[PDB]
Amino acid sequence: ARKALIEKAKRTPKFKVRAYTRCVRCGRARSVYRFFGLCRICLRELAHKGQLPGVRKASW
Amino acid sequence: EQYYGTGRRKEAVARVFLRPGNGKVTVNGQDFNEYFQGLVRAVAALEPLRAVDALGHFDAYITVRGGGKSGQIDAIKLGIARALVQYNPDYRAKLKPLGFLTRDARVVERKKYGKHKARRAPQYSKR
Amino acid sequence: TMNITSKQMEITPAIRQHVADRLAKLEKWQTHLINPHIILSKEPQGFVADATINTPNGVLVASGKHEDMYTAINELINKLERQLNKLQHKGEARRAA
Amino acid sequence: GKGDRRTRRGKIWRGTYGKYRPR
Amino acid sequence: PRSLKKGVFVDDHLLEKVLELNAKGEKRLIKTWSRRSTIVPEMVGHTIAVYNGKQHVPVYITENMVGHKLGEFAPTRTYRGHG
Amino acid sequence: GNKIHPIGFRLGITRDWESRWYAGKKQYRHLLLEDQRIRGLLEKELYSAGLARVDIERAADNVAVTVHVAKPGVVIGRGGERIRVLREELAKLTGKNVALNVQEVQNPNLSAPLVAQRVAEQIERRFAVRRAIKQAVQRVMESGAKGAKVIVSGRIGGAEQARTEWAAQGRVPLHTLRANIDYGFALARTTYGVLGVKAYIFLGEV
Amino acid sequence: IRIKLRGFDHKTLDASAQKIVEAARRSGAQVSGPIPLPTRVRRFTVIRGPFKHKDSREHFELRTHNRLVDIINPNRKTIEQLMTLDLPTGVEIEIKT
RNA sequence: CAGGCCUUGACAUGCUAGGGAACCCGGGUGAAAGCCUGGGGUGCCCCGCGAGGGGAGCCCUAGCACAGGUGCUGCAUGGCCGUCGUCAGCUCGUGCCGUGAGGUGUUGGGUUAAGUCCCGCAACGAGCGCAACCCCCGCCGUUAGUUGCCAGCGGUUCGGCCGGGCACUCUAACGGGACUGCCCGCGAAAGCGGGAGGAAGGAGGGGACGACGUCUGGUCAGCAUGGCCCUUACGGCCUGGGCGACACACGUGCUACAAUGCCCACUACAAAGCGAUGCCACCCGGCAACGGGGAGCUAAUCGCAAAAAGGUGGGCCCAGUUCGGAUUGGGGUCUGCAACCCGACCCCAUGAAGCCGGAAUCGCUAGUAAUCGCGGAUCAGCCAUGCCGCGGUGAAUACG
Ligand SMILES: [Mg+2]
Ligand SMILES: [Mg+2]
Ligand SMILES: [Mg+2]
Ligand SMILES: [Mg+2]
Ligand SMILES: [Mg+2]
Ligand SMILES: [Mg+2]
Ligand SMILES: [Mg+2]
Ligand SMILES: [Mg+2]
Ligand SMILES: [Mg+2]
Ligand SMILES: [Mg+2]
Ligand SMILES: [Mg+2]
Ligand SMILES: [Mg+2]
Ligand SMILES: [Mg+2]
Ligand SMILES: [Mg+2]
Ligand SMILES: [Mg+2]
Ligand SMILES: [Mg+2]
Ligand SMILES: [Mg+2]
Ligand SMILES: [Mg+2]
Ligand SMILES: [Mg+2]
Ligand SMILES: [Mg+2]
Ligand SMILES: [Mg+2]
Ligand SMILES: [Mg+2]
Ligand SMILES: [Mg+2]
Ligand SMILES: [Mg+2]
Ligand SMILES: [Mg+2]
Ligand SMILES: [Mg+2]
Ligand SMILES: [Mg+2]
Ligand SMILES: [Mg+2]
Ligand SMILES: [Mg+2]
Ligand SMILES: [Mg+2]
Ligand SMILES: [Mg+2]
Ligand SMILES: [Mg+2]
Ligand SMILES: [Mg+2]
Ligand SMILES: [Mg+2]
Ligand SMILES: [Mg+2]
Ligand SMILES: [Mg+2]
Ligand SMILES: [Mg+2]
Ligand SMILES: [Mg+2]
Ligand SMILES: [Mg+2]
Ligand SMILES: [Mg+2]
Ligand SMILES: [Mg+2]
Ligand SMILES: [Mg+2]
Ligand SMILES: [Mg+2]
Ligand SMILES: [Mg+2]
Ligand SMILES: [Mg+2]
Ligand SMILES: [Mg+2]
Ligand SMILES: [Mg+2]
Ligand SMILES: [Mg+2]
Ligand SMILES: [Mg+2]
Ligand SMILES: [Zn+2]
């Protein structure tokens, strides 16, 4: 049960609470950042390829 | 006329202004002994001029920002040691051997992932 | 006390008691068996019986495998005995000047 | 100590306010 | 507990079948999944079946169980001890 | 598994982002999603032209998609027949003024994304994986590179036991930040499963 | 007569603050130099691994750099060649008064 | 998990027809989903003063291909990660030695954090690692001067508030700076010890960075993917329950057992972040959580904001207590459709165990440990005492 779950998260819900975020890239339900709309795994995948504008590896 | 040094320590930045006078010292709109009231470490902030005898010879205008009291205190020590050298270049010797001229680079080490603090490691059962 | 984990596998309370009775061979050496932990598992060729035990003189770690689950259990105890008897007597070797 | 809600230190620990830590 | 500014919550679909029974000479047994509904005084004296996830439990409402929820009286976990 | 992405390790020092534009907190995710939708279609369609990179710019409700490729004509077509065709299927998605440029690749055998793809194609064609890898390295070095290393992992030849196969020539200093190293990945999809192809190309230091 | 510039890369940001300071400077008259506002840092810390391995992370940042310029002595002669402003793609300009 | 439901299906590309496009507000039944419905107007290009005919941009009804599966296999796999280990190792080319596996180099003497460098040598070179190139911090400079700052001058309604200025602090971009470069001494050399200068000294402190490989390591449940298995069901929707159970057992943590302490009142001193159905000043109501007003801020401007330890003053007087704050009764607040299972917070009352912990065992070498608070991601709310960060105060010891 994932594809139906990916579609049911898009569908506006019968109540405002039932809304939750998924990963727009892989459908992952957990650890979804709202800034990117991505999960932690896709966040690191796109950032490593340079396809996140501005996002760079941070060291200090 | 007026003499200035820049003093920094940890996260404190102190700007000190040495004008000749009887000895009065004011830190951020307060008397010295009122700003550091009840702090034992304070007197160390005046040590550079006790080393070049300018203890009562100067008045002190001092601003202070950032960090905490003792960091601000050590910042003063560098600041007024900075000012006395521009006040007189030969004040370096018999002030530099007292270390008062160097800037203390020891600062908070960054917290790292996997640890609880900078180095404190999580407990585990190897058994 | 002694803990038993059946990873990705179901066992009975009888099986767990057999394990406790088999680990009881280690009581021979009269040393504290501290929080002993057995892990029974199933691999494509047979069963794996893991164990980690701490004693006052060191730790015991050993793994036993065999098609028959009880044999893998027994092979584990054999490997654990040889380690315990090494922990209990190795210090006696460097005794003479 | 910190675990006592009815004290100032307890309300600081929880990040809350009330009669024993006003705002 | 729920804010007093808000109302005493009943699922409205359960409240309705209460009054139709009241206004006609009750009672029939009420089956419901409204564990969240409060036991308002109009319910006092009825016997209502509460779904616990498996069974609808017949719960006879009395006078002293009013400021409560229906779930409190059809517990969900079967437990009889250990050993 | 322990190696950092050699491109991501060099963003801002030897490599520039594939999507250059500012955006604010309420906008970033929406543009970014469009950027990946743009790449999702374009990478499927322009595969056969030798798609090595897709730069993307954004200013004010418009976007300037650059395409780096080895066969520019396969993208353009007859006088611009497919190039104009694209800008329509493109602006249908973008919903705005999606200008599309094309730029050729100097040497398609000094571009790691292409070298990896060529090996991945040779693998799906059931070529000697070990030989093919030595070929790619030999082609990149003959094309003048200062170092090259290709990796292929998985059921090579169909074997039940997966295996990794690699070859290298010259210098490939992945710890060196100032070394210009191009990295590309390609997915050989076979009847027995998936293999992964990683090409490293060393174009000199800076 | 205010212009503030925001961008993710500071190399393009500073160049795009020079080609404004330089622009209306000679174009008459006064230009208050590019003042770097403090940078807003937006941090991203994730587990390197797709599954467990909780004690291994990788840090990412997204820095939103800021610049301010005051074209002090306006003169709508300047308010023209600024209408055709060749600024790179990475930066965003605001004009207020 | 239980029950109530749906069968090209919540979703893709299709081909064929009925209606009509599409759509919007409702009616009934039901827990809801569903089932049953009741209304109402499709451009185009079309013969159109005319019934009438399409077609196709889109949905609804029937098919048949197909969808769908977080069903199995990490022992068929890609990807990414953990680990040994930031340990200094792992190899190749040619030559030499050996019937051959293989050796040599890479060993050796010296040196280094280092296969680091020096000298030697049937070896001579090369690669992957080491280091460096990158980030933060520490000193100074240049460019900048607001929303940041205030040295002096003028006002000053008592506020850098205004005038004024960019000095200073700062903020943030670019530079300089440290190289055993200089001196003394040992040394063949590489280096080692000591000295000065210097903000910094011998990698300046921390970061990012992880070789050939290992663990048939981890993940088919993030994703991908071979193969196998399900097809009114192992697919899909709903409502409710469960994931929070509790004779027990282990791992990680929080708060403690008190006087270097606890409580109350007053008063200081940060950093990094976040913030337009957001952050909320200030006023009013409430003991309070909070509520009602309401300014400011697309935010170096307004706000979260008070930092806490500390400092001052007062109480407690060694008691299971003014230590500790578990447990429970009662009364409220707020979010949310909904706090029974199963939320956080406030208030009254209750006030447990615990008097420093057996066998055993963990962390830490300096701004570290210890201790003190602050912020963020996730997020309606929150079960965070977690995690990732930030500064305050600031040790002990290393013979070996
Ligand atoms: Mg299902
Ligand atoms: Mg799927
Ligand atoms: Mg939610
Ligand atoms: Mg989510
Ligand atoms: Mg700073
Ligand atoms: Mg004093
Ligand atoms: Mg700290
Ligand atoms: Mg662990
Ligand atoms: Mg057990
Ligand atoms: Mg035996
Ligand atoms: Mg404490
Ligand atoms: Mg108390
Ligand atoms: Mg942990
Ligand atoms: Mg594996
Ligand atoms: Mg794997
Ligand atoms: Mg497994
Ligand atoms: Mg395995
Ligand atoms: Mg021989
Ligand atoms: Mg050999
Ligand atoms: Mg050889
Ligand atoms: Mg070797
Ligand atoms: Mg060897
Ligand atoms: Mg040696
Ligand atoms: Mg080393
Ligand atoms: Mg040699
Ligand atoms: Mg080397
Ligand atoms: Mg200046
Ligand atoms: Mg030395
Ligand atoms: Mg390195
Ligand atoms: Mg999968
Ligand atoms: Mg599979
Ligand atoms: Mg087959
Ligand atoms: Mg549901
Ligand atoms: Mg539940
Ligand atoms: Mg759980
Ligand atoms: Mg037990
Ligand atoms: Mg805890
Ligand atoms: Mg503690
Ligand atoms: Mg006592
Ligand atoms: Mg008592
Ligand atoms: Mg007692
Ligand atoms: Mg008490
Ligand atoms: Mg209560
Ligand atoms: Mg609840
Ligand atoms: Mg204590
Ligand atoms: Mg002991
Ligand atoms: Mg150490
Ligand atoms: Mg906190
Ligand atoms: Mg929340
Ligand atoms: Zn994802």
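Reminder, nothing fancy here: chain letters follow the sequence lines and each chain counts from 1.
- Here H:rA123 sits opposite H:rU94 as a Watson-Crick or G-U wobble pair (both hydrogen-bonding atom distances under 3.5 Å).
- Separation of the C1' atoms belonging to H:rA271 and H:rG363 is 26 Å when rounded to the nearest angstrom.
- In this structure H:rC166 is paired with H:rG148, meeting the Watson-Crick or G-U wobble definition at both distances under 3.5 Å.
- Residue E:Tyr51 places its side chain closer to H:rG240 than to any other of H:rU169, H:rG240, H:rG127.
- Going by the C1'-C2'-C3'-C4' torsion, the sugar of H:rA256 sits on the north side, since that angle is positive.
- Checking H:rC266 for Watson-Crick or G-U wobble geometry (two distances, each under 3.5 Å) identifies H:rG311 as its partner.
- Annotation: H:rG145 and H:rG82 have their P atoms spaced 48 Å apart (nearest Å).
- Pairing for H:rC304 goes to H:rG273, judged as Watson-Crick or G-U wobble with the two contacts each under 3.5 Å.
- Residue B:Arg9 places a side-chain atom within donor-acceptor reach of the base of H:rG367, judged by atom type and a 3.5 Å distance cut-off alone.
- H:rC387 and H:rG376 are base-paired: they meet the Watson-Crick or G-U wobble geometry, with both hydrogen-bonding distances under 3.5 Å.
- The base of H:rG241 does not come close enough to the side chain of E:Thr76 for any donor and acceptor atom to sit less than 3.5 Å apart.
- Residue-level contact check: G:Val41 touches the backbone only, with heavy atoms under 4.0 Å from sugar-phosphate atoms and none from bases.
- Stacking between H:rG207 and H:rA208 holds, as the six-membered ring centres sit under 5.5 Å apart and the ring planes differ by under 30°.
- Among the protein residues, D:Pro22 comes within range of no part of the nucleic acid, since none of its heavy atoms lies under 4.0 Å from any strand.
- Taking 3.5 Å as the upper bound for both contacts, H:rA370 does not pair with H:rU156 in Watson-Crick or G-U wobble fashion.
- Remark: the bases of H:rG185 and H:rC192 meet in a Watson-Crick or G-U wobble pair, both edge contacts within less than 3.5 Å.
- B:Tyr35 and B:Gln72 share a donor-acceptor pair across their side chains, judged by distance under 3.5 Å alone.
- Between E:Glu72 and E:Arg35, none of the side-chain N atoms (NZ, or NE/NH1/NH2) sits under 4.0 Å from a carboxylate O, so this pair counts as no salt bridge.
- Separation of the P atoms belonging to H:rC170 and H:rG138 is 9 Å when rounded to the nearest angstrom.
- Taking 3.5 Å as the upper bound for both contacts, H:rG108 does not pair with H:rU7 in Watson-Crick or G-U wobble fashion.
- When both distances must be under 3.5 Å, the Watson-Crick or G-U wobble mate of H:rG14 is H:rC64.
- With both ends at atom P, the span from H:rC387 to H:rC284 equals 43 Å, rounded to whole Å.
- One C1' atom belongs to H:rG392, the other to H:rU385, and the distance between them is 22 Å to the nearest Å.
- The aromatic ring of A:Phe15 stacks onto the base of H:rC337, its centre lying under 5.5 Å from the centre of the six-membered base ring with the two planes under 30° apart.
- The number of heavy atoms from other shown groups lying within 6.0 Å of NZ (B:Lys112) is above 12.
- Both conditions, centre separation below 5.5 angstrom and plane angle below 30 degrees, hold for the six-membered rings of H:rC45 and H:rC46.
- A heavy-atom distance below 4.5 Å is not found between the side chains of F:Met141 and F:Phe202.
- With a 3.5 Å ceiling on both atom-pair distances, the Watson-Crick or G-U wobble partner of H:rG38 is H:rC25.
- Counting non-hydrogen atoms under 4.0 angstrom, G:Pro38 reaches a base of the nucleic acid.
- Across all strands shown, H:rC287 forms no Watson-Crick or G-U wobble pair with both key distances under 3.5 Å.
- Stacking fails between H:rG177 and H:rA178 under the rule that six-membered ring centres lie under 5.5 Å apart and planes differ by under 30°.
- Not one N or O on the side chain of F:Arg15 forms a donor-acceptor pair closer than 3.5 Å with the backbone of F:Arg10.
- Considering only side-chain N and O atoms, F:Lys25 lies under 4.0 angstrom from the phosphate OP1 or OP2 of H:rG275.
- Distance noted for atom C1' between H:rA2 and H:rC341: 16 Å (whole Å).
- Atom NZ of E:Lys69 sits in a crowded spot, with more than 12 heavy atoms from other residues, nucleotides or ligands closer than 6.0 Å.
- Sugar conformation at H:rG201 is south: the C1'-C2'-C3'-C4' dihedral has a negative sign, consistent with the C2'-endo side.
- With ring centres under 5.5 Å apart and planes tilted under 30°, the neighbouring bases H:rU333 and H:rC334 are scored as stacked.
- Taking the six-membered ring for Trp and the full ring otherwise, E:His68 and E:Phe73 have centroids separated by under 6.0 Å.
- Applying the 90° cutoff around 0 to the glycosidic angle, H:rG391 is assigned anti.
- Residue-nucleotide stacking is not present for F:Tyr192 and H:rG226, judged by a side-chain ring centre under 5.5 Å from the six-membered base ring centre and planes under 30° apart.
- With both pairing distances under 3.5 Å, H:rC80 is matched to H:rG218 as a Watson-Crick or G-U wobble pair.
- To the nearest whole angstrom, the two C1' atoms, one in H:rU83 and one in H:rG103, are 33 Å apart.
- Residues D:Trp13 and D:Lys11 are not in side-chain contact: their nearest non-hydrogen atoms beyond the backbone lie 4.5 Å or more apart.
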